[PDB]
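Following: one structure in structure tokens, then a few remarks.
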Amino acid sequence: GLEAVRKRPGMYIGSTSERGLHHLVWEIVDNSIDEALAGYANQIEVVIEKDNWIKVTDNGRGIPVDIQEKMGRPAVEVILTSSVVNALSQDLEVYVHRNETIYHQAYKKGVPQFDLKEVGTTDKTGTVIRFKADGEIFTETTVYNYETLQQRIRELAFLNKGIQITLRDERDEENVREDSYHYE
Ligand SMILES: COC(=O)NCc1cc(-c2sc(-c3ccccc3)nc2N2CCC(O)CC2)[nH]n1
């Protein structure tokens, strides 16, 4: 089912060009926005990291991790192994804060590298997604454009007043830029 994505990506994502690259960010973010619209998240952060990794953080409830009765996998693994973003990423990581626990899993091309495991304790809730778009699939470019992300971020915040959405470019550690939107 997921190899179907990696082989016919545009049928899911729409071209493998730059707009396709940026579509990835919006898929994860839209999801965080759902968490806000459901009334739990009020802080969303997007970071462009070295290597053009992308990180997205919200403080919603965190993707569920309970064993989803049917195959015996944590719901979050079940969900991530249906994520187009995961499928079109050469590496993807997730961290869930839930039940005062930090849960972690990593993937390659949508394939789980190991079982979901607890890697810490926390007094927060929420989800962290870090993914690195697949170079094999996004030829042409794998470099995110700041302006493009920023404009969409701004609309998204104005569309969802009361939700703080922060964008930050860390691809140059000596020169770090951030914009943060929070409309009353
Ligand atoms: C896969 O990566 C993301 O989409 N990350 C953004 C995100 C998603 C969620 C949550 S919390 C939750 C949830 C649902 C029921 C009860 C408690 C929490 N469900 C989700 N989504 C639902 C849609 C799926 O595509 C991804 C996971 N929090 N942050």
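All Cβ positions, even for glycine, are placed from backbone atoms using ideal geometry, and neighbour counts span all protein chains on display. Every number here is computed from the coordinates shown, using simple stated rules; none is lab data.
Observations
- Rounded to the nearest 20 debye, dipole of the chain from Cβ charges on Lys, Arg, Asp, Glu: 520 debye
- Each DSSP beta bridge with both residues in the chain is either parallel or antiparallel, and the antiparallel ones are about 85%.
- Fewest neighbouring Cβ atoms within 10 Å first, the residues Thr121, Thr57 line up as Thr121, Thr57.
- Segments 6-18, 132-144 sorted - mean Cβ within 10 Å per residue, highest first: 132-144, 6-18
- All alpha carbon pair distances within the chain were sorted into 10 Å bins beginning at 0; the resulting P(r) in whole percents reads 10, 36, 38, 15, 1.
- Peptide packing: for 19-29, 65-75, 35-45, the average count of neighbouring Cβ atoms within 10 Å per residue gives the ranking 19-29, 35-45, 65-75, highest mean first.
- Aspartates and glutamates with Cα under 13 Å of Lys132, excluding same-chain neighbours fewer than 8 positions away: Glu49, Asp51, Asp91, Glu93
- The calculated 222 nm mean residue ellipticity attributable to helices in the chain amounts to -8000 deg cm²/dmol, summing -39500 (n - 2.57) over DSSP H runs of n ≥ 4 and dividing by all residues.
- Virtual spin-label span in nm between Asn145 and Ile67, 7 Å along Cα→Cβ: 4.9 nm
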